[PDB]
């Protein structure tokens, strides 16, 4: 039922059939002119919009997701345009997305394997800009599968990897959101067999945050 409910009829021509349920990959979701304008607006944002992490830089737009409730911020039109385009595919349970995470990866930067978790409706939509990357998928270790007497097992390798080209839309739903981990290796090149050199990548991850505080209300803790 999880897989059945996760299907989006309008995107079925874009289903990645050999990947876990349910992954869509739409090439050329945005034009080169649209890509250029998004890069310009990310790069020209006020310095304080940027957060420096150990292995990448990012921007939050729409507010900072939090388990006690998100304090919302108005999305600017240059992002709302694409929030509207992905929300029109009805990817977020029948309410529009309300949050954009911008990640910037210089060549050699990535993101450790993770699941996006319960702060979001269980759907990732990502518009890639600037450079290709490879997104790796891993089977999680579930507590119900824990065997403290198991034979030696090789270090985890990805179960599937997907090339993400600039101007593509990626959608992860069902088990691809709730069961699998995804990550990007800290690499300068991706061998397909032939081989792609990474430039700077900027990704726009568009999600719906269901726990939002009314305008003006703060929670401590």
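Numbering follows the first chain given and starts at 1.
- The modelled chain breaks between residue 193 and residue 194, where 10 or more residues of the deposited sequence lack coordinates.
- Look at the mean CA B-factor for 81-89 and for 135-143 in the entry; the higher one is 135-143.
- Two stretches are in play, 44-52 and 176-184, and the higher mean C-alpha B-factor belongs to 44-52.
- Residues shown: 98, 128, 123, 149. Highest C-alpha temperature factor in the entry: 149.
- As recorded in the entry, 160 carries the highest CA temperature factor of 31, 168, 60, 160.
- The PDB entry assigns residue 64 a C-alpha temperature factor belonging to the middle third of its chain's modelled residues.
- Annotation for residue 110: CA B-factor lies in the middle third of the chain's modelled residues.
- In this PDB entry, residue 18 carries a Cα temperature factor that places it within the highest third of its chain's modelled residues.
- Remark: residue 10 belongs to the highest third of its chain, ranked by C-alpha B-factor as recorded.
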